[PDB]
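Comments concern the structure below.
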Amino acid sequence: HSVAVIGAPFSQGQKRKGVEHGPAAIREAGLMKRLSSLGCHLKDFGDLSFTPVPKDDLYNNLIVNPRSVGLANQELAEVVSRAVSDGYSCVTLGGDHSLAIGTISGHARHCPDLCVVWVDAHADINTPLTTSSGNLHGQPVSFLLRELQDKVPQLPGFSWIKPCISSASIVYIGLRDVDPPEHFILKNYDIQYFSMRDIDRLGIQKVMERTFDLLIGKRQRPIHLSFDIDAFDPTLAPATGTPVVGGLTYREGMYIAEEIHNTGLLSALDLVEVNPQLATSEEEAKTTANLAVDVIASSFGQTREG
Amino acid sequence: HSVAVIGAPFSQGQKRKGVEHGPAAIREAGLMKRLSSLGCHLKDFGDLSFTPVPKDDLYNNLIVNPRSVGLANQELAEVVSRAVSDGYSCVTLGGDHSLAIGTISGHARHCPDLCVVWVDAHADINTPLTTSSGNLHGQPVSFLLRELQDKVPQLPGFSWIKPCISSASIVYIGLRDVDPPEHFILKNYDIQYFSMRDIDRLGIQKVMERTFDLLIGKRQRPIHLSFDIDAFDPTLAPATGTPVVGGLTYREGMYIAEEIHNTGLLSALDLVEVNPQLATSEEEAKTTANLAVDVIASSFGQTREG
Amino acid sequence: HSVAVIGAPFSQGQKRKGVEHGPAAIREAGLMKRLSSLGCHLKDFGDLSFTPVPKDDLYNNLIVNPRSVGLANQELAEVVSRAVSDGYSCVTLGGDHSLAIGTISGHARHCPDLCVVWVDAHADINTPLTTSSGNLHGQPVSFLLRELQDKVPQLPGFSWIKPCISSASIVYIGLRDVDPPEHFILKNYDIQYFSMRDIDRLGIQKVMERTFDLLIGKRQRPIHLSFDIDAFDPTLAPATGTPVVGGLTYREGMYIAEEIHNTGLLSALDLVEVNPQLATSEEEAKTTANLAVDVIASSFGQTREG
Ligand SMILES: N[C@](CCCC[B-](O)(O)O)(CCN1CCCCC1)C(=O)O
Ligand SMILES: N[C@](CCCC[B-](O)(O)O)(CCN1CCCCC1)C(=O)O
Ligand SMILES: N[C@](CCCC[B-](O)(O)O)(CCN1CCCCC1)C(=O)O
Ligand SMILES: [Mn+2]
Ligand SMILES: [Mn+2]
Ligand SMILES: [Mn+2]
Ligand SMILES: [Mn+2]
Ligand SMILES: [Mn+2]
Ligand SMILES: [Mn+2]
C-alpha cells in the first residue's frame, strides 16, 4: 500500500493570509510518521511551487485570482494524475479548498468513475454567477459537475478543465452554512447531502451507510475524500478561515474517516483549510493540525481498538 | 409573518444582580437583523419599565418580591395580549423566568387553547409551599396550571391570574435539576417531561416527535416556547444564574428550535435567564447572547441547510 | 444500604507522581456528603497505609515496583474482603488502576460469581510478557482472568493471587487506546468490549443493555464496576496520567453509572487514576475530582430528574 503526499500551499482561492502554511503545519504535527506506522509506503512530493500569473485581474470585477487559481490547479492536476497513475493513494495537503479543482481533475484522468465524499460546513458549489464573495474556494464543485456546465461561465485560466463527474457522484457530509443559490443548486440537481441536522437525526453510522449506498451501493468505485477542516466544530478546529458553530465532534470525524478506510476504496484525500495564522494561540494552531493528522491517519486505517 | 419583540428586564424573581441586562445583551448580539433577514415584519416594543410596589415585604418570611413580580407580570401580560391580539408572534426577552407568568397569561388571554414547551434544566414548578429558595423564578409553572391551584396559596399581587392551562398541555425538555417536591408534582399530576437522560436514550429527534404528539397530536394549537438559556450546557451558556452541568448541546438546541418552527404553530417565545454580569469575561457574555439569538432565529425559521 | 469508602493511595503501578493524592481530592470534592444525602450509611476506612518493600527492584529489567504493588494489593484485598463480608458495598478510591487486582480479588473471595464492568480508555490487559511500559496499572486484568493464566509469569509479590474471573465475566466500555497484543488477547479469548466506536454506533443506552445481557442476562450476579477516570474525554477529566482524546461525554458517563445503579446489583466500585498534580490549574484538578464524585454518586442512585 503506497501513499503519495503532496503539499499544495494554495491561498489565492480566498482572501485571508496564512492558509498556505497549512501543509507545513500538518507535516509538523507528525503526519508522515503516523502514516508509516500504519504500514503505508510513502512518497513525499514536498510542497509544490505553483507558477504565478502576472496581472491576474478580477474576473467580472468580482472573482479573485482566476488565472492563478486556474494555473495552480492545472499544475496540481498533473502531479495528482502522475501519482495515481503510479499506484499511489494521493493525499493533498492544503491550502484553500480551490485546490480540489486540481486534485479531482487529476484523479479523474485515470479513475473517471471516481465518487466524491465532500466533508465540509459548506457546499462550495457557488458558480461565478452566484458567488457573493468572489472567492474560488467557495466554488470548486461548480467546475467539476457535468450537469452544471451550461450555468458556469468560462473563467480565464480555466479552459483546461472539463467537468469530471455527475451530480449523483458527490455526497456532502456536515453542511451548516449554505448560501441560498447553493441550496437551489443542491435541490434542483438532486445532489445528496447530510447536513448537521441530518446527522442529529440519523446519527453518523447511518449517515455513512447511506452515503456509501448512494455512491458505491451497486458498484465499486475509487473514493475521493475532500475534507475541509472546517467541517469540525470551531472548538476543535479553530485555525481555519471560515469557522461555523455547531460542527462535527471529534468522534464523528474519526467515524467518517474509519468508514472511508473500511470501504477499501480510498484513492485520493484532500485535507484543506488549516490556517495556522488564524489561531489565537500556538495551542489552537497545533490542536487543529493534530486533528488534521488524526483524520488522515484514520482514513488510512488507524483504529480506536488496537 | 409578524414578530413583536418585548424586552422584560425582570430581576426580582431571583437574587442575583444583572439578569435585567439580558434583553440589551440579546439585542446587541444582532437579534433584530437576524429576524428581519428571515422575512419577519417586526414591531419592537423596547424594554418595558415596570411599576414598582412600595414596601414589598417577604411573603411568609420566604417568598421574595411577591407584589413586584405580580405587578410586573400583570403589566407584561397586558402588552403580550395586545401584541398577540394584533397578530404578532410575541418574543419576550428576559430577565428571569418569573416573567413567564406574565407572558403565558397574556398569550392565553388571546389564545386560550395554547400549549407550552418548556426548555430548561429546571422544572420551575415549586409552589410557595414547596420552594426552598423563595425565588419566584423557580415557581412560575405552579401559578399557571389549573390542576395545581388547590395547593397554591394566594400571593399578594397575584390575584389577577386566571390559570386555566391543563397539566396535559405542557411538556418539559432538558430537565436535570429537579427538587424532590417538584418530582412529586410532576409524577402526581402526570406531567410529561424529557429529562437529559431521556434525551440520552431517545435522541432529540424522537424527543421532539413525542413532544408534538403529546401536545398537537390530536389538534392544531398555538405553541408557547418558554426557553431558559440554562437548558444549554454551562460550557455553551455560562452567563446565567443557575447553571447545571450536563446540558443540551448546541446542535440539540438548534434542533429543538427547528422543530418548533416546522410546526408552523409558534405563537410566543420567551428567552430568559441570560445574565451578562455573571460571565467571567466579555467573551463568555457575548457567546451566551449569541446563543440566545441563534435559538430565537432558528425558532422563526433559520436553517442549517440554506 | 451500607457503603464502605476505602482510600487506596496507590502510585507504584505507574511512573507519574501525584495519583496517590486522588483519594483526598475526591473526598475534598464532597463525596461523603453526596453519598449520605442519597441515604447511604457510611463506614470510612480512611486512606490505607500500605507496607513498603525494600529494594523492590525491576522484574525482568522492565516491570516496575512488582513486590510493592503485589503486597499493597494483598493488603487491600483483605480490607475489601472484610468489608464485603460485613455487608458493605465497597467504594475504593485510587490511586492507580493496579489496585483493581486487590479490590477484585478481595471482592471475589466472598462473591465468586461476581461480574466486572471495566470503564476505561484502555484495556489494562497486558501481561508481564506483553507490556511495553512495564507499568502494572496497564496489566491488572491479566492477573485476574482464569483463561489467561498459562501466559502470565509469576511475579515476585504476586503468589497470593489466584485468578477468580472468567473472560466471559468482564465487559469493557470506552476503549480507544489498546496495544496490539491487548487487541490480540481480547479477540483470541472472545472478551466482550464496547469501544468508543461501538458507542458512536449503538448509543450508550444500547451499550448498557447489551452489557447487562452479556453479564446478568441469565442470572443475578454481584457487579464490580472498575471505573478509570480516563474513560472520560480529557476536556472533562484532564487530571489523569494517560489521557486519550475522544472519550465519554459527561452525559454518557452519568448514563453508565445510572444503569449500574438501576440493576440493584452494584457490590463494589473502583474510581481510579485521578491525579490532581497533573492538572495545569486548580480548576482542572477540581473539575476532575467533582466528576469522580458525580460518577460515584450516580452509581449509588443520584438521578437527573429529582
Ligand atoms: N459560501 C461561501 C463559502 C466560503 C467557504 C469555502 B470553504 O468551505 O472551502 O472553506 C461563504 C459565503 N458567505 C457566507 C456568509 C454570509 C455571506 C456569504 C463563499 O464564499 O462562497
Ligand atoms: N428549583 C430552584 C430553581 C431555580 C432556577 C429557576 B430557573 O429555571 O428559571 O432558572 C433551585 C432550588 N435549589 C436547587 C439546588 C439545591 C437547593 C435547591 C428553585 O429556586 O426553586
Ligand atoms: N497500555 C498502556 C496503558 C496505560 C494506562 C493504564 B490505565 O488504563 O489504568 O490508566 C499504555 C501503553 N503505551 C500506549 C502508548 C503507546 C506505547 C504503549 C500500558 O502501559 O500498558
Ligand atoms: Mn468549509
Ligand atoms: Mn470547503
Ligand atoms: Mn433553569
Ligand atoms: Mn427556568
Ligand atoms: Mn485508562
Ligand atoms: Mn485503567
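Naming works like this for the C-alpha cells: A, B, ... for the chains as they're shown, residue 1 at the start of each chain, ligands 1 onward in shown order.
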Please provide as a ChimeraX atom specification all residues within 10 Å of residue B:50, with the sequence filter that same-chain residues fewer than 5 positions apart are discarded (counting only C-alpha atoms).
/B:8-10,68-69,71-76
Shell of 9 Å around ligand 1 (only C-alpha atoms and all ligand atoms), written as a PyMOL selection string:
chain A and resi 13-14+96-98+120-127+130-140+177-179+182+228-231+240-243+272-273
Restricting the output to N, CA and C atoms, write the selected residues as a compact mmCIF listing (two decimals), in the first residue's frame.
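So out_24.txt came out as:
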```txt
# COMPACT_ATOMS: atom_id res chain seq x y z
N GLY A 13 -7.40 31.11 -3.53
CA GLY A 13 -8.82 30.80 -3.60
C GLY A 13 -9.64 31.59 -2.58
N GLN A 14 -8.97 32.38 -1.75
CA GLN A 14 -9.67 33.15 -0.73
C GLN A 14 -8.83 34.36 -0.35
N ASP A 96 -6.13 26.35 0.53
CA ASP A 96 -7.58 26.53 0.46
C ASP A 96 -8.27 25.52 -0.45
N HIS A 97 -9.59 25.41 -0.31
CA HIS A 97 -10.33 24.33 -0.97
C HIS A 97 -10.44 24.45 -2.49
N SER A 98 -10.00 25.56 -3.07
CA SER A 98 -9.99 25.66 -4.54
C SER A 98 -9.10 24.60 -5.16
N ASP A 120 -17.58 18.97 4.98
CA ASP A 120 -17.43 20.43 4.97
C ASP A 120 -18.62 21.04 5.67
N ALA A 121 -18.42 22.19 6.30
CA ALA A 121 -19.54 23.00 6.76
C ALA A 121 -20.28 23.64 5.58
N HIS A 122 -19.60 23.73 4.43
CA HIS A 122 -20.08 24.48 3.27
C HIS A 122 -20.22 23.58 2.06
N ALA A 123 -21.07 23.98 1.12
CA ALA A 123 -21.27 23.17 -0.09
C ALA A 123 -20.27 23.48 -1.20
N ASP A 124 -19.62 24.64 -1.13
CA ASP A 124 -18.58 25.01 -2.09
C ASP A 124 -19.05 24.85 -3.53
N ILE A 125 -20.31 25.17 -3.79
CA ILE A 125 -20.92 24.88 -5.09
C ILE A 125 -21.51 26.14 -5.73
N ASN A 126 -21.16 27.31 -5.19
CA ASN A 126 -21.44 28.54 -5.93
C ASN A 126 -20.76 28.51 -7.30
N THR A 127 -21.37 29.17 -8.27
CA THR A 127 -20.74 29.35 -9.58
C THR A 127 -20.22 30.77 -9.65
N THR A 130 -23.10 33.04 -9.10
CA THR A 130 -23.87 33.06 -7.84
C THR A 130 -23.06 33.48 -6.61
N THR A 131 -21.74 33.37 -6.70
CA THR A 131 -20.90 33.71 -5.55
C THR A 131 -21.11 35.16 -5.13
N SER A 132 -21.22 35.39 -3.82
CA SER A 132 -21.28 36.76 -3.33
C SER A 132 -19.94 37.22 -2.76
N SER A 133 -18.98 36.30 -2.69
CA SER A 133 -17.66 36.63 -2.14
C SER A 133 -16.63 36.83 -3.23
N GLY A 134 -16.79 36.12 -4.35
CA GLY A 134 -15.79 36.13 -5.39
C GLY A 134 -14.66 35.14 -5.15
N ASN A 135 -14.73 34.41 -4.04
CA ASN A 135 -13.63 33.53 -3.64
C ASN A 135 -13.79 32.13 -4.21
N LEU A 136 -12.80 31.69 -4.99
CA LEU A 136 -12.93 30.41 -5.69
C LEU A 136 -12.96 29.19 -4.78
N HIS A 137 -12.52 29.33 -3.53
CA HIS A 137 -12.62 28.19 -2.61
C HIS A 137 -14.07 27.85 -2.24
N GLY A 138 -15.01 28.74 -2.59
CA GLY A 138 -16.41 28.52 -2.31
C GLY A 138 -17.20 28.15 -3.54
N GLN A 139 -16.44 27.90 -4.61
CA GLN A 139 -16.97 27.50 -5.92
C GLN A 139 -16.44 26.18 -6.54
N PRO A 140 -15.53 25.44 -5.92
CA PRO A 140 -14.86 24.44 -6.76
C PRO A 140 -15.75 23.34 -7.36
N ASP A 177 -23.65 25.84 6.60
CA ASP A 177 -23.64 27.23 6.13
C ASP A 177 -23.67 27.21 4.62
N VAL A 178 -24.88 27.31 4.07
CA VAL A 178 -25.13 27.14 2.65
C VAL A 178 -25.80 28.41 2.12
N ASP A 179 -25.26 28.99 1.05
CA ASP A 179 -25.86 30.22 0.51
C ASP A 179 -27.15 29.86 -0.21
N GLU A 182 -26.81 28.18 -3.55
CA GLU A 182 -26.30 26.81 -3.43
C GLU A 182 -27.40 25.85 -3.04
N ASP A 228 -12.65 19.35 4.35
CA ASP A 228 -12.39 20.72 4.81
C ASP A 228 -12.38 20.65 6.33
N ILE A 229 -11.29 21.09 6.94
CA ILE A 229 -11.16 21.02 8.39
C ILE A 229 -12.30 21.80 9.09
N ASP A 230 -12.99 22.63 8.26
CA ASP A 230 -13.97 23.43 8.99
C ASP A 230 -15.29 22.70 9.14
N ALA A 231 -15.31 21.42 8.68
CA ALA A 231 -16.42 20.52 8.98
C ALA A 231 -16.54 20.31 10.49
N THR A 240 -8.82 28.09 11.11
CA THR A 240 -9.42 27.95 9.78
C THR A 240 -10.17 29.24 9.46
N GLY A 241 -10.32 29.53 8.17
CA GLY A 241 -10.78 30.84 7.72
C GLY A 241 -12.26 31.13 7.80
N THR A 242 -13.03 30.10 7.75
CA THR A 242 -14.48 30.29 7.79
C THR A 242 -15.11 29.35 8.82
N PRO A 243 -14.86 29.52 10.02
CA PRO A 243 -15.47 28.64 11.02
C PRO A 243 -16.97 28.87 11.16
N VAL A 272 -7.92 20.19 3.65
CA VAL A 272 -7.78 21.60 3.31
C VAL A 272 -8.22 22.55 4.41
N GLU A 273 -7.78 23.80 4.24
CA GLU A 273 -8.24 24.96 5.00
C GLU A 273 -7.68 25.09 6.43
```
Just list as a PyMOL selection string whatever in stretch 110-147 of chain A DSSP marks as strand (DSSP E or B).
chain A and resi 115-119+145
Taking only C-alpha atoms into account and nothing else, which residues of chain A lie no more than 6 Å away from chain C? Please answer as a PyMOL selection string.
chain A and resi 205+251+304-306
Excluding residue C:259 and residues on its chain fewer than 6 positions from it, collect all residues at most 12 Å away from it, counting only C-alpha atoms, and give them as number ranges by chain.
B: 197, 201; C: 117, 204-212, 223, 225, 252-253, 265-266, 295, 298-303
Just asking: which residues within stretch 43-193 of chain A are alpha helix (DSSP H) according to DSSP, as an MDAnalysis selection string?
chainID A and resid 66:85 99:110 180:188
Between C:118, C:45, C:88, C:59, which residue has the minimum interatomic distance to ligand 3, considering only C-alpha atoms and all ligand atoms?
C:118
Between atom CA of residue B:65 and atom CA of residue B:149, what distance in Å does the model show, to one decimal?
20.7 Å
Write out as number ranges by chain which residues come within 10 Å of residue C:20 when counting only C-alpha atoms, dropping same-chain ones fewer than 3 positions away.
C: 7-12, 16-17, 23-25, 47, 93-96, 273-277
Can you spit out the residues from that selection as a short mmCIF file (atom, residue, chain, number, x, y, z; two decimals), in the first residue's frame, using C-alpha atoms?
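Result file is result.cif:
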```
data_model
loop_
_atom_site.label_atom_id
_atom_site.label_comp_id
_atom_site.auth_asym_id
_atom_site.auth_seq_id
_atom_site.Cartn_x
_atom_site.Cartn_y
_atom_site.Cartn_z
CA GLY C 7 -8.83 5.26 50.19
CA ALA C 8 -6.08 3.36 48.36
CA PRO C 9 -3.31 5.84 47.51
CA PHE C 10 -1.55 3.52 45.03
CA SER C 11 1.05 5.18 42.83
CA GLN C 12 3.59 2.45 42.18
CA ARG C 16 3.87 9.71 37.34
CA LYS C 17 3.87 11.45 40.71
CA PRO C 23 -8.46 9.85 47.27
CA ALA C 24 -8.01 13.12 49.18
CA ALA C 25 -9.04 15.10 46.09
CA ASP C 47 -6.62 6.28 53.40
CA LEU C 93 -10.74 5.47 45.69
CA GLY C 94 -7.47 5.40 43.76
CA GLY C 95 -4.70 5.65 43.20
CA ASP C 96 -3.57 3.94 40.01
CA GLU C 273 -6.46 7.42 38.20
CA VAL C 274 -7.45 10.88 39.43
CA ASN C 275 -4.08 12.66 39.68
CA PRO C 276 -4.59 16.24 40.88
CA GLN C 277 -0.91 17.09 40.33
#
```
So that I can check the surroundings of stretch 153-155 of chain B, please list as JSON, numbers by chain every protein, DNA and RNA residue that reaches within 8 Å of it, counting only C-alpha atoms and ignoring chain neighbours fewer than 6 positions away.
{"B": [59, 66, 67, 128, 129]}
Could you tell me how far atom CA of residue A:256 sits from atom CA of residue C:254, in Å to one decimal place?
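We find that atom CA of residue C:254 and atom CA of residue A:256 lie 26.2 Å from each other.
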